[PDB]
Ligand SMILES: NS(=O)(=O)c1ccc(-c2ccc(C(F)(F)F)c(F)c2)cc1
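Okay, so here's just one chain, in structure tokens, the form deposited without this ligand.
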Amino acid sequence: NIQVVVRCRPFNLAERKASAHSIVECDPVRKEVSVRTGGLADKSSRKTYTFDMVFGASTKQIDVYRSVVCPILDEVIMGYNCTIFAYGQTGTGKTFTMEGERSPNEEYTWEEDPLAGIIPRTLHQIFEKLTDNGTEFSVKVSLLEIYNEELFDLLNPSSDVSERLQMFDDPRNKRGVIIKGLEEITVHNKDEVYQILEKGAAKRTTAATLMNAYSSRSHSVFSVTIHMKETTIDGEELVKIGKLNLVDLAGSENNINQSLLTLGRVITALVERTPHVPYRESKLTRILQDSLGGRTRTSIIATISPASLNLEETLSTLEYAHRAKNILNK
């Protein structure tokens, strides 16, 4: 049930000038990614994996959006909860995929930059889809990050990143939590999107000078909640509420990351049908437990490098992403 897709990033400039040989090969039509485990392009051993979808190095941001994000967003608009994880070693594209970047030299506006990732595209498309049709709606965003098992709010513009948030169990709905003090920013319109994201980037920058290897070791949960009151051309009123969680996981490479460690143990228990699932052994899994064998539709985008240097890690990621396919929720 849980959908897993692989995205291999292309060689960088440093690898181009050094004329690197890819040890990875993607076959989209056959949902397969093959890795050269022994060595030699003239002769060698290989490891093959089949996923729900595979995107090679030539894959652009727009292809990922139209193929994976567009459908999941439609479900969110129908009043469903959805989660998308980015998993992989540091430097393989987790952030590029989830957030994206700006083309150099102010060549485009944020709405047309082809390097934009899932988050900016999604927020722009929500206003694009709902403004057209006859739908009343409000959009709230929240960016919750975890570092060394502490919670930080990267959007509240009146607190510094030195102020950690407290988490409690929600006495109302079971297997859910309450983050005391988490800010929910209302995004009144499309032309309010960019600055909200810029605010988070800046606050993030201070978080980085305050905590060691912050961008590598933390988990970022960027959520978008949509309260909708649709009125068909007839006069029917549909009151739906969708929530989409975009999670940029800590680098999977190997102090300790309790949330990362627990995510793997939770997945293991879920696929091996073990009765006890360690959701409570980390903040990440308590916050997103409904996305792990719960009533949420979740997808996992595993990112990998094509360089022969990252062989061991590319195999761990692929092997990890494959087992996750067996998780069943709803």
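For every residue, the number given is its place in the sequence shown, counted from 1. Superpose the two forms; the largest set of C-alphas matching within 1.5 Å is the rigid core.
Not even a third of the other compared entries skip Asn173; each one keeps it along with the residues on either side. Compared with the other entries of this protein, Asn255 is frequently left unbuilt, missing from a third or more of those that build its neighbours. Unmodelled stretch separating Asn254 from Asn255: 10 or more residues (count of deposited-sequence residues without coordinates).
Looking at mean Cα B-factors across 257 to 265 and 288 to 296, the upper value is held by 288 to 296. Stretch comparison (161 to 169 versus 219 to 227) by mean CA B-factor in the PDB entry places 161 to 169 on top.
Comparing the C-alpha B-factors of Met211, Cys82, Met98, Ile233 in the entry, the top value falls on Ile233. When the C-alpha B factors of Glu136, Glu111, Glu198, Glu150 are read from the deposited coordinates, the top value falls at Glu136. When the CA B factors of the chain's modelled residues are split into thirds, the value for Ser22 lands in the highest one. Looking at the C-alpha B-factors along this chain, the one for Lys129 belongs to the highest third.
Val6 sits in the lowest third of its chain by CA B factor, as recorded in the PDB entry.
Remark: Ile62 belongs to the lowest third of its chain, ranked by C-alpha B-factor as recorded. Per-chain ranking of the deposited C-alpha B factor places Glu281 in the lowest third.
The protein also exists as the form deposited with this ligand bound; that form is not presented, and the subsequent description refers to it.
Just one of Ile146, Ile84, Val76, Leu249 comes within 4.5 Å of this ligand in the entry with it bound, counting any heavy atom, and that one is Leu249. Segments offered: 42 to 50, 65 to 73, 296 to 304, 26 to 34. Contacting this ligand in the entry with it bound at heavy atom distances within 4.5 Å is 296 to 304. When contacts are judged by a 4.5 Å heavy atom cut-off, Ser22 does not count as touching this ligand in the entry with it bound. Residue contact with this ligand in the entry with it bound: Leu260 places a heavy atom within 4.5 Å of it.
The closest non-hydrogen atom of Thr317 lies within 4.5 Å of this ligand in the entry with it bound. Scanning 57 to 77 for heavy atoms within 4.5 Å of this ligand in the entry with it bound gives no residues at all.
When both forms sit on the same rigid core, the CA shifts between the shown form and the other one reach 2 angstroms or more only at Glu237 out of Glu198, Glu184, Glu237, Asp132. In this overlay on the rigid core, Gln61 has a C-alpha that sits 2 Å or more away from its partner position between the shown form and the other one. If you fit the rigid core between the shown form and the other one, you'll see the Cα of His21 move by 2 angstroms or more. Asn12 shows a C-alpha shift of 2 Å or greater between the shown form and the other one [criterion: core-superposed Cα displacement of 2 Å]. Distance between the C-alpha atoms of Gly117 and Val29: longer by at least 3 Å in the entry with it bound than in the displayed form. An increase of at least 3 Å in the separation of the C-alpha atoms of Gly235 and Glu136 is found in the entry with it bound, compared with the displayed form.
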